[PDB]
Amino acid sequence: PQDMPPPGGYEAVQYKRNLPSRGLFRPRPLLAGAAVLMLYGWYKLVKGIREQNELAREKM
Amino acid sequence: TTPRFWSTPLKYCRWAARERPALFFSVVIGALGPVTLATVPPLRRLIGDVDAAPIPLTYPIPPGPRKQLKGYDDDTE
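If you check the header, you'll see the entry was determined by cryo-EM and the resolution is listed as 2.77 Å.

See below:
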């Protein structure tokens, strides 16, 4: 015979724009994250430079 | 279309946050420095976070007359 389609036809293929929104790139979870990172870092820095200043008092 | 600050102050601030974000939030951050100076330091003294004493950067000479020591003399050598 010839090259013909299957008896019931081929199934539908995906052709529409899919592009699904992910939480990883939405602004609200990222804004919250960047903020907690800077707040944790600012707590760690405020403790370190206090200790550094006290080490300097002992050195002097 | 775009608002006018001196006609609608609150309405301009929303447009600027949405339409000129880098410029708007620059003036916001710059104002936070002046605020943080005004606010945290009094609250710190409320919670009892006393500022550390300054470290010495010169020999710490005590005030008053000399103490008239006796000890460690040439005879002891």
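Chemist: How do you make sense of the packing of helix α1 (residues 9–19) of chain B against helix α2 (residues 21–47) of chain B when you look at a structure like this?
Modeler: A packed helix pair is summarised by two numbers, namely the angle formed by the two axes and the spacing between the axes. All names here are of chain B. It is the contact of α1 with α2, at a shortest axis distance of 6 Å, that shows an interaxial angle of 120 degrees. The angle between α1 and α2 falls in the class oblique. Residues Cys 13, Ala 16, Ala 17, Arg 18 and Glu 19 of α1 form the contact with α2, whose participating residues are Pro 21, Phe 24 and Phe 25. Here the residues of the contact of α1 with α2 sort into six nonpolar, no polar and two charged.

Chemist: What am I meant to see in the pattern of salt bridges here?
Modeler: When the charged atoms of two side chains with opposite charge come close together, those side chains can pair. All told, the structure shown has four salt bridges over all chains when counted by the stated rule. Residue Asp 49 of chain B pairs with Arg 50 of chain A through a salt bridge whose shortest N-O separation is 2.8 Å. Taken as a pair, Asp 49 of chain B in the segment after α2 and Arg 50 of chain A in helix α1 (residues 27–59) lie in two separate chains rather than in one. Relative accessible area serves as the criterion here: at 29%, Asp 49 of chain B is assigned to the partly exposed category. What makes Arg 50 of chain A partly exposed here is its relative accessible area of 41%. A salt bridge links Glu 54 of chain A to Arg 57 of chain A; its shortest N-O distance comes to 2.9 Å. Residue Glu 54 of chain A and its partner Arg 57 of chain A are located together in helix α1, separated by three residues, close to a single helical turn. Bridged by salt links that share partners, the residues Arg 50 of chain A together with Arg 44, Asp 49 and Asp 51 of chain B form one connected network.

Procedures and definitions
- Residues numbered from 1 in each chain as written, not as in the entry; some residues may be left out.
- Chains lettered and ligands numbered in written order.
- Part of a larger assembly, values for the part shown.
- Heavy atoms only, no water.
- Residues with missing side-chain atoms left out of burial classes, pairs and counts.
- Axes fitted to C-alpha atoms, helices over the stretch in contact; angles between N-to-C directions.
- Helix = DSSP H or I, 4+ residues; strand = E, 2+ residues; numbered from the N terminus.
- Parallel < 35°, antiparallel > 145°, perpendicular 65-115°, else oblique.
- Contact = heavy atoms within 4.5 Å.
- Nonpolar A, V, L, I, M, F, W, Y, C, P; charged D, E, K, R; others polar.
- Salt bridge = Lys/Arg side-chain N within 4 Å of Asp/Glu carboxyl O.
- Buried < 20%, exposed > 50% of the residue type's maximum accessible area, 1.4 Å probe, protein only.

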